[PDB]
Amino acid sequence: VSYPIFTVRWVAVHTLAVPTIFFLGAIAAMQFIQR
Amino acid sequence: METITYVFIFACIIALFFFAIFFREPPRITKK
Amino acid sequence: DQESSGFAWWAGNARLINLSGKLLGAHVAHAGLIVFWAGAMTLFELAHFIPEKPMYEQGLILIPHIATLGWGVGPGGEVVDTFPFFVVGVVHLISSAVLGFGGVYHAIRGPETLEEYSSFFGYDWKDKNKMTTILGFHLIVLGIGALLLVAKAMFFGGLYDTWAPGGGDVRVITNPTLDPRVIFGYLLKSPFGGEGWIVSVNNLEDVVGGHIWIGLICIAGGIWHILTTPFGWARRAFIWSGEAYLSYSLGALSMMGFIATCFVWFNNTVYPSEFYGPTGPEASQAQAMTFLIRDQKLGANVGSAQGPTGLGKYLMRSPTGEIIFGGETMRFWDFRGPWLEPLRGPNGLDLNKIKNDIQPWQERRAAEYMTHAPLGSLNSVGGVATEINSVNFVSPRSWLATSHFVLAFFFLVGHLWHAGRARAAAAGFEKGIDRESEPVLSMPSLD
Amino acid sequence: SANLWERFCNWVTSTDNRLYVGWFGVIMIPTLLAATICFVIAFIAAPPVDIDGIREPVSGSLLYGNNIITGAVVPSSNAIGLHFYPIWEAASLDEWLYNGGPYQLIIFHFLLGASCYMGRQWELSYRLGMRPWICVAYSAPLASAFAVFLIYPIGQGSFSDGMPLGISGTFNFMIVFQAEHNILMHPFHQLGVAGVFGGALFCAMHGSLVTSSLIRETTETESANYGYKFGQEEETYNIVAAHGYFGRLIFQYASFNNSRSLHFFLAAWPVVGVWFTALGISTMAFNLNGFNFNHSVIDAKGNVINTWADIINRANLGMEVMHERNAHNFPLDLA
Amino acid sequence: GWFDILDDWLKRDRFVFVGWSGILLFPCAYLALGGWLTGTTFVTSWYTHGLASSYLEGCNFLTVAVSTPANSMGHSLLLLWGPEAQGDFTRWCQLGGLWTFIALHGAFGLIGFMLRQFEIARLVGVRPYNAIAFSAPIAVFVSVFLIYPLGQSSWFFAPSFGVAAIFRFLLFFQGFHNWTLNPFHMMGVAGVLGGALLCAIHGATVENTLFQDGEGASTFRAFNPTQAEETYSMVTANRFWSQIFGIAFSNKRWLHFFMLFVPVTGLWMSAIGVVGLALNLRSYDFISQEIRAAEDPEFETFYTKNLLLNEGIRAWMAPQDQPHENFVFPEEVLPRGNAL
Amino acid sequence: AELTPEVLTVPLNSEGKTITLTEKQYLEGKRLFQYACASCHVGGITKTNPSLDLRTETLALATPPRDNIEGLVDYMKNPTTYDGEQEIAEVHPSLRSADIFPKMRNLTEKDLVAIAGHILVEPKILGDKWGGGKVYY
Amino acid sequence: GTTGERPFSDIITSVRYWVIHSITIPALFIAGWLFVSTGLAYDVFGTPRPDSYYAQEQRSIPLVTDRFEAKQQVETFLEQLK
Ligand code: CLA
Ligand code: CLA
Ligand code: CLA
Ligand code: CLA
Ligand code: CLA
Ligand code: CLA
Ligand SMILES: C=Cc1c(C)c2cc3nc(c4c5[nH]c(cc6nc(cc1[nH]2)C(C)=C6CC)c(C)c5C(=O)[C@@H]4C(=O)OC)[C@@H](CCC(=O)OC/C=C(\C)CCC[C@H](C)CCC[C@H](C)CCCC(C)C)[C@@H]3C
Ligand SMILES: CC1=C(/C=C/C(C)=C/C=C/C(C)=C/C=C/C=C(C)/C=C/C=C(C)/C=C/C2=C(C)CCCC2(C)C)C(C)(C)CCC1
Ligand SMILES: CCCCCCCCCCCCO[C@@H]1O[C@H](CO)[C@@H](O[C@H]2O[C@H](CO)[C@@H](O)[C@H](O)[C@H]2O)[C@H](O)[C@H]1O
Ligand SMILES: [Cl-]
């Protein structure tokens, strides 16, 4: 078939997908903070 | 007075048990 | 050859129920993983092992197994030579490659079935004789093994005897208890408090002696099965199938798994507190020892001290009259141990010895064991749940005991599951009720 | 007589008995009648029990000042520990009731019978031609009674530390447990509540989905239940309409359409979760407790920065420091 | 008319059904989940509870949480632009604005979701018993995260969003409300515990009472996605239980309704019990027991025992658990048994 | 809010003279203190005899004074009772008894100084916590 | 059994996809990383740095004690070099 790209499903998927990776990145960085 | 009340209800639940197991409505198939 | 039109993917290994050859690769490849582990772990332990420090304080569980067989240790469990450890470790690790080879081979190149590529090895589950025979072979291999221990102890070096007269030390057993009345006596022992059944073994003679009996009794049955077939009942009683046999061996391991959990938790002898940690009861005992020892030095008369309840701060009596340590520790009055025995009299703890025969090595033993009780957290923080972080420790006896209760358990489920399947498989309904002939439908209504 | 014993075995095993007394039943029926009969008498008239072995009797029966909620059958003495205490081990009953003898007579017979009850849940399934495994679902709740009534005591060194047989007595078992093991902070308990919460959850899901997608065959003023006859050929609900709704609630591939896969999940979840909870109690029976994050996060100078994990420790200390008032004589609680 | 066109679009059958309800559900549901995930890793609870509460500070998945606001805030809605935070974001964070955020948002999110079920049900043409059921979880959330603290001094005593931060909520309730002794909490558990039983028991009864509709062992494939005959012997199941338990179902319509009832009723009861704990109208003691314990020092039940456990919980926790009270309990005043 | 060299300045001997530890020694002591003390002295208390703690004041009234590097160091070599009227090296780890307490064998004068420094530095950071027990957890 | 959306399977396999996300994914990652590593996150959320819970000497907690003048009170807590 001739499927589209930007769809409603896509939006959702990114609202959770995008932030997540951004956090996993943030957290991964914390593993090195100290005192 | 309290003891009697507690045991009575218990005795009543066991009685129920009996009747429920041995005096249920026989469970009939298809033609019900 | 085998795919979904056999079994479902997640039940894949059951597709090998009838391919003797490949089903051999599995068992040969698997047996490889165990040697691999044993070997690969030992070296991991040794790589971290620090000689001048308790084994139990290092998360070891294999080096202490070797140590018990009298290897690399001496007086009081002192580590002398780490070579035997390195050896045992590397050797296994190697043999893992050899076995692994055969496994991989028999499972992806060699014959997919055996019956034809050699009728000696090929087999038939329902072949009551082949079965009784292969079982017979293994019953001998295990029997030799049982003697392989009797040998190390009587001829090749000894074992670590913590009860050593001169104090814990490697000792050569040259007088194994062979008296059946005693040996088998253990099996007739209660499994409750006091009489502890198998786990009550408390001296190496019985251990060695008993293994002598098992080795023989075992090989004897190995020959007997080689030379026979199940009788009549033996046949009209069991289910003869690939699963059914499994099940039987599943329930068997389960049971051995529970027995092992209790052995490592309770036994002092075959599990020296010197390599593993102090036993649960042994540690609670040591606290009483420690404080009866302390306060006594401050001028307190332990014999007549009355605690909050009026029972006896330091010493009290058990239900049958013997003098024991007081406090919640009254529950462990069945604890016996090298360090504490010299204080026991014919009536239990002797007030005179306790009063002037307590030796320093005992005071520090009691202190050591007191501060190394088997209490700890998942993240390894030794102590009580309300303790603070600092002492990273969890008794080897706790690790072993829990791991094996879980395994032992799930295996009992495994038993039920594979046995339930085998009985339905045999009679033949393990795939559903015959829409047509629905058994229940031919039975009178109880209503 | 085709042969008495031959007959006996045919009756016992008969699938025409109102209640299937099986082979396992021959052990079950008696042990369970003893456990039950001893309990009921105990709970009603047994006298105070020196549970902690410190001569400080805890009365837990109705006739001795308790009500249903507080009352319980108290655990054998700590003076007894793990020793076997059958009636024939006491100079008298008076002595046996004081050291908590009834407790053992009950737990042992119950655990014995409740196992055979499992053995039976297999047997009948066999005599009826149905697949086994139901008994394996029942292995979870059983494996718990076992953990709470036997493993924990074996592990801890005394039957006096087993869970009491009563409402409040159970809360005691819990509150103290938490203090000595910090169970809420243990993976296995968490898996336990997931299974229980989840179960109840799913139990509601299934229950509703199905009940809500039933094919109409009833009047507007007639119990919607009558629309089903015992011994039907076809189904009583539209499992395709059910899936249609549920697939739209969340999203299609996240919804069941295979009744068999649905029901496996339905059974698998709770049973697996409770299995872990039972392994938790059986594991913390050897002192391998929950995570101890006390004073983990500390600041730049070394000061201790509290987390909720610490507020939990205080609540635990309160329990530790107050349970068994008079039973301790030394610093560390190793028992 | 645009309306019917707006409708048309919404009720369009996509991968993730939107619907009118979604206009409320998704905005909130995402914000709630988002705020949590945010605080869990970034915001602290220092200015609020004197506690580190985020990954950024060193907390792990168990110890992290979005802690309640100070007790000073009272029941304030704590709006980002309200008298407290004053439009400022960072301050809002430090005053626990993120709690009322997650709370209130998620709250609407549960409304939207139930509405969804209701809306989707209607479209697909099925009965709304999935919505009735979900009233149970609403009640719990509403009574516990809203009604409760609304009866107390402030949001500070509502359960903080986090794993451990919830365990203290449990311990607290035991210690202060002696909640385990409450008739309603009991019913609660009887339902959840009893509900997780029906679940397991029914599942197994079905899987081991199945007809053979295939030649394989893995009987999963053997299922007719398209109705027709019952896939398991309802008649056999009846006889099984009727002989092993003595009682057994025999009306799938009832057996399934029962499964809705048990756990939904349980949670409803557990809610009422808490709605009462709001006013502190707890089920703390049995007066007849206390009176006998006063006059007679040798009377001891597993009940009296418990109450002492509570005293300890309260005395040893209150200090760092209620900072705003500047509690100072001298070592000599702290209840403790012997030795410990 | 940090471990300044100001906090790492603890009394060296009885005659007032002081020494200043470094963040390296500190950590190192802390590690050594865990390796050979925590077992029984976790958090400044003493499990096998709760009557004597590591609170600086307690060590001050000890005999001889054990509230300075020199003191604690001597102690780790030849331990005594609180009145000093009796040597206890036989039931307390020490250098003169490493054969009996192996953990003390590695330990060198450098290590002993760190352990000692830790004991004087901890209460400086933790305060009341260091001395008391569960009451302060 | 279908709707307009392009079957995930196809997309997670399309070399175009990876050609796009091999760039995008690590992008987002390195961003958040920097968010923490640059100390920015600490200011966006008023979260204390390991050296900012207490002032050097003080061992008291900066507990907010009144709603309305709260923000003001918080600011002062940052004052004592907290
Ligand atoms: C003595 C060892 C033993 C052996 C040889 C077998 C052999 C067999 N089993 Mg049994 N089983 C056992 C023990 C054993 N089992 C135990 C103790 C249990 C109780 C849990 C079971 C439960 C069981 C079930 C429920 C089933 C079988 C089935 C089967 C058959 C197919 C195998 C299969 O499905 O693989 C496929 C294997 C997998 C998909 C692996 C699952 C992985 C496990 C659950 C994870 C364990 C966690 C691990 C430790 C964590 C590591 C971390 C990870 C992130 C890396 C095969 C005859 C199946 C059958 O058809 O029956 C005849 C079947 O359905 N078994
Ligand atoms: C089964 C027996 C067993 C036992 C008793 C031990 C015991 C020990 N190990 Mg060894 N280990 C084992 C097997 C075992 N190990 C195996 C098979 C491996 C290879 C992976 C290792 C690899 C290993 C390493 C690499 C290390 C140890 C270390 C240690 C010591 C510290 C324990 C620890 O830190 O645990 C912490 C671990 C956990 C909390 C994990 C719990 C995991 C459970 C089993 C999972 C439960 C999930 C369940 C299966 C889910 C399925 C459900 C699903 C199907 C629905 C301890 C003496 C450490 C050491 O020596 O340092 C001092 C160390 O560094 N072990
Ligand atoms: C204990 C480990 C174990 C073992 C020994 C086996 C063994 C076997 N499996 Mg099982 N299996 C397991 C776990 C295991 N399985 C688990 C956990 C699952 C669930 C995921 C399955 C699912 C499963 C299915 C679904 C099927 C099998 C099949 C088979 C058999 C054929 C092998 C094959 O298909 O090769 C295929 C060959 C390859 C693609 C090569 C894989 C690489 C090799 C084997 C590993 C090399 C190892 C090492 C790196 C090198 C050592 C070299 C050194 C000595 C020099 C074989 C007897 C099949 C069967 O029924 O037999 C007909 C089958 O259909 N298994
Ligand atoms: C679990 C045990 C085991 C078993 C039962 C088998 C069985 C079989 N193998 Mg396999 N094999 C194994 C392990 C095993 N193998 C391992 C680990 C490897 C990797 C090295 C191989 C590699 C292998 C190859 C390369 C080949 C076979 C073949 C065969 C088949 C023909 C018989 C034969 O080779 O006789 C060999 C001859 C003998 C009977 C003598 C063996 C004696 C040795 C030297 C002693 C072993 C000592 C033992 C460790 C101690 C026990 C003593 C104790 C009782 C006192 C047969 C089905 C052949 C095949 O596929 O044909 C169908 C084949 O070509 N196997
Ligand atoms: C572990 C390996 C092993 C295995 C798997 C088998 C397996 C088998 N044996 Mg062999 N056997 C072995 C070792 C083994 N044997 C050894 C070492 C010897 C020498 C002593 C024998 C001597 C032997 C003889 C003399 C006979 C068998 C027979 C049999 C077959 C039927 C057994 C049976 O029905 O038991 C079920 C038995 C019962 C109905 C009795 C239940 C009562 C038990 C013993 C007590 C209760 C158990 C309790 C739970 C355990 C607690 C411990 C206890 C000490 C207190 C079976 C194939 C029989 C056969 O058919 O011969 C070919 C037979 O007559 N075996
Ligand atoms: C549509 C779904 C939705 C809903 C129901 C809510 C609901 C809520 N939000 Mg959330 N929000 C949403 C989407 C939604 N939000 C989205 C997508 C975002 C991201 C941009 C946010 C971001 C957000 C933040 C940052 C905050 C909230 C807050 C709140 C709460 C209170 C705010 C308030 O007082 O509003 C008042 C309601 C209205 C403005 C509705 C007015 C409607 C009428 C018909 C219009 C009349 C207008 C006209 C000018 C007036 C004439 C009168 C004349 C006399 C002047 C409330 C629970 C606050 C909070 O959580 O506090 C703790 C908060 O700080 N929300
Ligand atoms: C604590 C355990 C528990 C959880 C986690 C849970 C969870 C869920 N139940 C649902 C449904 C149900 N549950 C039901 C009965 C039950 N559910 C129970 C117990 C639980 N149910 C019990 C005991 C019952 C029996 C009475 C039914 C009958 C249904 C459904 O129909 C429904 C479903 O679809 O089934 C699968 C799902 C609704 C999703 C949603 O509304 O999204 C939209 C809304 C969102 C995302 C807002 C969340 C807002 C909340 C208030 C704030 C939470 C704050 C953070 C985000 C969370 C982290 C905090 C923790 C660490 C403490 C959700 C997965
Ligand atoms: C069939 C199959 C399977 C399985 C497999 C297996 C089971 C395997 C095994 C394997 C094995 C079992 C292997 C082994 C190997 C080994 C090796 C390869 C070794 C080596 C060694 C060495 C080399 C040594 C040495 C040393 C030393 C002495 C010291 C120093 C260091 C070192 C290490 C160097 C699977 C699942 C995949 C899939 C399906 C099929
Ligand atoms: C369902 C089966 C029901 C029948 C089974 C038989 C049940 C009998 C239960 C016993 C009921 C009586 O229970 C008993 O009541 C009397 C009051 O009347 C209580 O009162 C008793 O002690 C008080 C002092 O405390 C005395 O002053 C009083 O004279 C004495 O009778 C008893 O302490 C209580 O044990
Ligand atoms: Cl208590």
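Residues numbered from 1 in each chain as written, not as in the entry; some residues may be left out. Chains lettered and ligands numbered in written order. Part of a larger assembly, values for the part shown. Heavy atoms only, no water. Residues with missing side-chain atoms left out of burial classes, pairs and counts.

- What the entry reports as its method is X-ray crystallography, with 2.90 Å given for the resolution.

**Considering the overall build of chain F**
Argument step 1. When you go through chain F residue by residue, the secondary structure sums to 6 helices and 2 strands.
Argument step 2. Going from N to C terminus, chain F has its helices and strands arranged as β-β-α-α-α-α-α-α.
Argument step 3. Its C-alpha atoms give chain F a radius of gyration of 14 Å, near enough to 14 Å, the size a compact globule of 137 residues would have.
Argument step 4. Overall size of chain F, expressed as C-alpha extent along the three principal axes, is 40 × 35 × 30 Å. (Helix = DSSP H or I, 4+ residues; strand = E, 2+ residues; numbered from the N terminus. Rg over C-alpha atoms; globule rule 2.2 N^0.38 Å.)

**Comments concerning the overall build of chain D**
Argument step 1. Tallying secondary structure elements over chain D gives 11 helices and 3 strands in all.
Argument step 2. What you see for chain D is a C-alpha radius of gyration of 26 Å, clearly larger than the 20 Å of a compact globule of 335 residues, by over 25%.
Argument step 3. Reported as C-alpha extents along the three principal axes, the dimensions of chain D are approximately 80 × 70 × 40 Å.
Argument step 4. The buried share of chain D, reckoned over its 335 residues, is 67%.
Argument step 5. In chain D, the proportion of contacts linking residues at least 24 apart, taken out of those at least 6 apart, comes to 63%.
Argument step 6. Summing over all exposed atoms, chain D offers an accessible surface of approximately 11500 Å²; the carbon and sulfur share of this is 68%.
Argument step 7. Once the 13 positive and 22 negative side-chain charges of chain D are each reduced to a mean point, those two points are 9 Å apart. (Buried < 20%, exposed > 50% of the residue type's maximum accessible area, 1.4 Å probe, protein only. Contact = heavy atoms within 4.5 Å. Areas by Shrake-Rupley, 256 points an atom, 1.4 Å probe, with all protein chains shown as cover. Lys, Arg positive; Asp, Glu negative; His and termini not counted. Charge placed at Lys NZ, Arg CZ, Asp CG, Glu CD.)

**Some thoughts on the coordination of the magnesium atom of ligand 6**
Argument step 1. Of all protein atoms, just one serves as a donor to the magnesium atom of ligand 6, and that atom is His105 of chain E (NE2), at 2.5 Å.
Argument step 2. Position of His105 of chain E relative to the elements: it lies in helix 5 (residues 97-124). (Donors = N, O, S within 2.8 Å, 3.2 Å for Na, K, Ca; no water.)

**Concerning the arrangement of the chains**
Argument step 1. Among the 16 pairs of chains that make contact, the interface with the largest number of contacts is formed by chains D and E.
Argument step 2. Contact between chain B and chain F is absent, and the minimum C-alpha spacing across the pair is 43 Å.
Argument step 3. As for chain G relative to chain B, no contact occurs, and the smallest C-alpha gap between them is 36 Å.

**Quick notes on the site of ligand 8**
All names here are of chain C.
Argument step 1. As a structural note, the neighbourhood of ligand 8 is formed by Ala29, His30, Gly32, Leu33, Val90, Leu93, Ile94, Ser96, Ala97, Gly100 and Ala107.
Argument step 2. Top contributing element to the shell around ligand 8 by residue count: helix 3 (residues 83-108), with 7 residues.
Argument step 3. Among the residues forming the shell around ligand 8, the class breakdown is 7 nonpolar, 4 polar and no charged. (Near = heavy atom within 4 Å. Nonpolar A, V, L, I, M, F, W, Y, C, P; charged D, E, K, R; others polar.)

**Description of a negative patch on the surface**
Argument step 1. A surface patch of like charges, here negative, comprises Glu331 and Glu332 of chain E together with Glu57 and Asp128 of chain F.
Argument step 2. Tracing the sequence through the fold places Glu332 of chain E in the segment after helix 13 (302-321).
Argument step 3. Of the residues examined, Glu332 of chain E reaches a relative accessible area of 79% and is grouped as exposed. (Patch = residues over 30% accessible without salt bridge, like charges linked within 9 Å, V, L, I, M, F, W, Y side chains within 5 Å. Salt bridge = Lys/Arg side-chain N within 4 Å of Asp/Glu carboxyl O.)

**Considering the nonpolar core**
Argument step 1. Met319 of chain D, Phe42, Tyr148, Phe161 and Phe173 of chain E together with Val64 of chain G are the most contacted members of the largest nonpolar core, which has 79 residues in total.
Argument step 2. Top contributing element to this core by residue count: helix 8 (residues 164-177) of chain E, with 8 residues.
Argument step 3. When near neighbours in sequence (up to four residues on either side) are disregarded, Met319 of chain D contacts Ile175, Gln178 and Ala179 of chain D together with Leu171, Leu309 and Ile313 of chain E.
Argument step 4. Counting residues in each nonpolar core, the second largest holds 51 residues, with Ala153 of chain C together with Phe149, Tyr152 and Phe177 of chain D among its members. (Core = buried A, V, L, I, M, F, W, Y, C linked by side-chain atoms within 4.5 Å.)

**Points about the packing of aromatic side chains**
What describes a pair of aromatic rings is the distance from one ring centre to the other and the angle between the planes of the rings.
Argument step 1. Counted according to the given criterion, the structure contains 94 aromatic pairs over all chains.
Argument step 2. Between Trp339 of chain C and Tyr369 of chain C, the ring centres sit 6.5 Å apart and the planes meet at 80 degrees, which makes this aromatic pair edge-to-face. One end of the pair, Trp339 of chain C, is in the loop between strand 4 (323-325) and helix 10 (351-356); the other, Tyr369 of chain C, is in helix 11 (residues 360-370), with 30 residues separating them in the sequence.
Argument step 3. Classification of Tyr369 of chain C by relative accessible area gives buried; the value is 4%.
Argument step 4. For the pair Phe249 of chain E and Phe258 of chain E, a centre-to-centre distance of 5.9 Å together with 70 degrees between the ring planes defines the contact as edge-to-face.
Argument step 5. For the cation-ring pair, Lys128 of chain C lies above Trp240 of chain C, with the distance from its terminal atom to the ring centre recorded as 4.9 Å.
Argument step 6. Over the face of the ring belonging to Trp71 of chain C we find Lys152 of chain C, whose NZ or CZ atom lies 5.1 Å from the ring centre. (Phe/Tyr/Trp six-rings, centres within 6.5 Å; stacked < 30°, edge-to-face > 60°. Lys NZ or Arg CZ within 6 Å of the ring centre and 35° of its normal.)

**Looking at the interface of chain D and chain E**
Argument step 1. Taken together, the contact pairs 125 residues of chain D with 111 residues of chain E.
Argument step 2. Of the roughly 10700 Å² buried at the junction of chain D and chain E (both faces included), carbon and sulfur atoms supply 66%.
Argument step 3. Contact with chain E buries area across many residues of chain D, yet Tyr245, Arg260 and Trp308 of chain D alone supply 10% of it, more than any other trio.
Argument step 4. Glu300 of chain E is paired through a salt bridge with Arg325 of chain D; the nearest N and O atoms lie 2.7 Å apart. (Buried area = accessible area lost by both parts, 1.4 Å probe.)

**Structural notes on the packing of helix 4 (residues 128-154) of chain C against helix 6 (residues 204-226) of chain C**
Residues and elements named next belong to chain C.
Argument step 1. With their axes 7 Å apart at the nearest point, helix 4 and helix 6 run at an angle of 160 degrees to one another. Of the possible angle classes, the one that applies to helix 4 and helix 6 is roughly antiparallel. Note that helix 4 runs across helix 6; the crossing there is left-handed.
Argument step 2. A per-class count over the contact of helix 4 with helix 6 returns 19 nonpolar, 9 polar and no charged. (Axes fitted to C-alpha atoms, helices over the stretch in contact; angles between N-to-C directions. Parallel < 35°, antiparallel > 145°, perpendicular 65-115°, else oblique. Left-handed = near helix turned anticlockwise from the far one by under 90°.)

**Things to note about the UniProt feature "binding site: heme c" in chain F**
Residues and elements named next belong to chain F.
Argument step 1. As annotated in UniProt, the feature "binding site: heme c" corresponds to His41 and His92 in the numbering used here. Taken along the chain, the residues just named run across 52 residues; in space they keep tight, none of their C-alpha pairs more than 12.0 Å apart.
Argument step 2. In this structure, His41 sits in helix 1 (residues 23-41).
Argument step 3. Judged by relative accessible area, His41 falls into the buried class, the value being 17%.
Argument step 4. Among the secondary structure elements, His92 is positioned in the loop between helix 3 (69-75) and helix 4 (103-106).
Argument step 5. The partly exposed category is assigned to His92, whose relative accessible area is 22%.
Argument step 6. Not counting the four nearest positions on each side in its chain, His92 is found in contact with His41, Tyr75, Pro79, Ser97 and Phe101. (UniProt positions renumbered as here; feature names shortened; annotations may be inferred.)

**Describing the site of ligand 7**
Argument step 1. What surrounds ligand 7 is a group of 27 residues, the closest being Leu201 and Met205 of chain D together with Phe113, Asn130 and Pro263 of chain E.
Argument step 2. More than one chain approaches ligand 7, the contributing ones being chains D and E.
Argument step 3. Between ligand 7 and the protein, one listed contact pairs an oxygen atom with a side-chain N or O atom of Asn130 of chain E at 3.2 Å.
Argument step 4. Starting from 1300 Å² of accessible surface for ligand 7 in isolation, the protein chains cover 70%.
Argument step 5. The set of elements that each furnish at least two residues to the shell around ligand 7 consists of helix 8 (187-212) of chain D together with helix 2 (19-41), helix 5, helix 6 (129-133), helix 7 (135-151), strand 2 (161-162) and helix 11 (252-278) of chain E.
Argument step 6. If one sorts the elements of the shell around ligand 7 by residue count, helix 5 of chain E sits on top with 6 residues.
Argument step 7. Of the residues that constitute the shell around ligand 7, the class distribution is 22 nonpolar, 5 polar and no charged. (Polar contact = N/O pair within 3.5 Å; in protein donor to acceptor, adjacent residues only side chain to side chain.)

**Considerations on the state of the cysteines**
Covalently bonding the sulfur atom of one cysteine to the sulfur atom of another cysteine gives a disulfide.
Argument step 1. Following the criterion strictly, the structure yields 0 disulfides over all chains and no others.
Argument step 2. Take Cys116 of chain D: it sits in no disulfide, and the sulfur closest to it among the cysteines is that of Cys135 of chain D, at 12 Å.
Argument step 3. For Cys116 of chain D, a relative accessible area of 10% gives the class buried.
Argument step 4. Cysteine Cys93 of chain E shares no disulfide, and the gap to the nearest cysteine sulfur, in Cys59 of chain E, comes to 16 Å.
Argument step 5. We classify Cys93 of chain E as buried; its relative accessible area is 2%. (Disulfide = S-S within 2.5 Å.)

**Structural notes on helix 11 (residues 308-322) of chain D**
One turn of an α-helix holds 3.6 residues; hence residues three or four places apart share an orientation.
Argument step 1. In this model helix 11 of chain D runs 22 Å from its N-terminal to its C-terminal C-alpha over 15 residues, within 8% of the 21 Å that 1.5 Å per residue would give.
Argument step 2. Summarising burial for helix 11 of chain D: 15 of the 15 residues are buried, a large majority. (Expected span 1.5 Å × (residues − 1).)

**Digging into the pattern of salt bridges**
Argument step 1. Tallied over the entire structure, the rule returns 39 salt bridges over all chains.
Argument step 2. Put simply, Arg435 of chain C and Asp213 of chain E hold a salt bridge, and the shortest N to O gap is 3.3 Å. Highlighted residues: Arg435 of chain C in the segment after helix 12 (396-427) and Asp213 of chain E in the loop between helix 9 (183-207) and helix 10 (234-244), drawn from two different chains.
Argument step 3. Assessed through its relative accessible area of 29%, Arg435 of chain C is described here as partly exposed.
Argument step 4. On the basis of relative accessibility, which here comes to 29%, the residue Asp213 of chain E falls in the partly exposed class.
Argument step 5. Across the pair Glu217 of chain D and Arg253 of chain E runs a salt bridge, and its minimum N-O distance is 2.9 Å.

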